[PDB]
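In the structure tokens that follow, the same protein chain appears in two forms, which are kept apart as structure 1 and structure 2.
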Structure 1
């Protein structure tokens, strides 16, 4: 009968101590040099540095711990990035505390986000299949470890300079287990959220498959369904309406329509799993990284 207070209530020093148990010890400025800022706000800053031992370029996200309003999501995120690694997930090399800052040392990807592509170009089905295959491989791995991303959208998909596709931004992720197999939290970016999450029903890894389907509609039509409406209004339609369809059915192949139909299924138990989707004929259309390069802004 001792009450331990929630992470939002503890001292800044004990928030930091919590993080100290899960980050790498020491000071990364020992092995990193030549920091150049490339992004900012609102919690911190992003820099490119050069590893002194190797000359390798890395990205370092520096976040002010006193500005973190979602302390527990950050804590949970740091553990996931530490423990899970996959070629289609932006890799965290190591994390550290420097004063009141969390330094996250990440792989440096120079190809921008998928959002820039879907808002300015028209992807072909080969290119769509390539993105889907990459994301589904990441999800295959993550879902098998009980990790739910919860925030799949074009904005969170980053590209290497040579056209490889990587899932990023695990700020909203969750980990389920045999003991706690489902989550209940209302988390995500409105237009991409699964109906069961919006209904506040217990949910698992299946929510990422719905969100993926919405991203496929982004890649087809340029925006997710109901993007012209206010987010809370869009959420009501997701929760209560039949699954969204593409604008022009006749301009999407039978195989891609079938793939989409397996993902945008309201009942989670009837929705395809990442494992099942990897065997879908649509993904036999996937190409090499070179097929993505012509889409990129440069």
Structure 2
């Protein structure tokens, strides 16, 4: 049904916290910007700690209906490897989401500027699979797994972020149909507009493992259309140099990059894979980070 901007604002008000967090947040500084809106750091008045605030204009969205997803779905879900969402507010024509500020930057900076060893890759995969196993069990699909969506803490812990595209499946609605994600990381069934479940996150995770091995996802040198035709039509993508990757990591990757969704490994199955025996403590991540390179 056609609804006014003001009707939409009233509907979104029902699922956010009342009032304006400028009562307890000051010294806002813009640090990032997307198609969605901007990301600010602010100082909390009681503790003096830094928090992140995502600001999204209700009038400047491709699909404004998508503003409900993260604030509704992730409200009551919490995990040590998922970025903490504290609260959401409507401030004028903007949705504000107040979240943990992780000060270790994104995994993208690491994979673009260093060669991760298999211990470090195993460390990232263990943390992300713990997050995905928890989320998938609740029927949550992230739908935008990639290095940019993975944030590091100052002490080298790994958290899944950027839940803007997330969805929830149930017994009555077991599949999603929406075209969402990032071209190079999209599962073939997403590109083909087939009904899908949590399996799409395991494909995307496979592509992120190729980022950690090769520095870029497959076909990243090609335009998105050309890349997505290859993902849709071609055999699963391979690493640049099979002889530089262990048999256990190739086996791990082989369970994720499976075209038939029902034959793809689950997060729970991958948690038991011997590759994750190479996982190390947060201190094995710290040396990769921009500050210490």
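Residue numbers count along the first chain shown, from 1. We call the rigid core whatever largest set of C-alpha positions still superposes within 1.5 Å between the two forms.
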| property | result |
| --- | --- |
| Identity of the moved residue from 198, 173, 158, 97, C-alpha shift 2 angstroms or more, core fit between structure 1 and structure 2 | 97 |
| Is_shifted residue 260 between structure 1 and structure 2 (CA, 2 Å cut-off, rigid core) | no |
| Cα displacement of residue 53 between structure 1 and structure 2 reaching 2 Å, rigid core superposed | yes |
| Rigid core superposed: residue 62 CA moves 2 Å or more between structure 1 and structure 2 | yes |
| Once the two forms are fitted on their core, CA shift of residue 41 between structure 1 and structure 2 in Å | 6.2 |
| Cα displacement of residue 79 between structure 1 and structure 2, once the rigid core is superposed (Å) | 1.3 |
| Rigid core superposed, the C-alpha shift at residue 214 between structure 1 and structure 2 in Å | 0.1 |
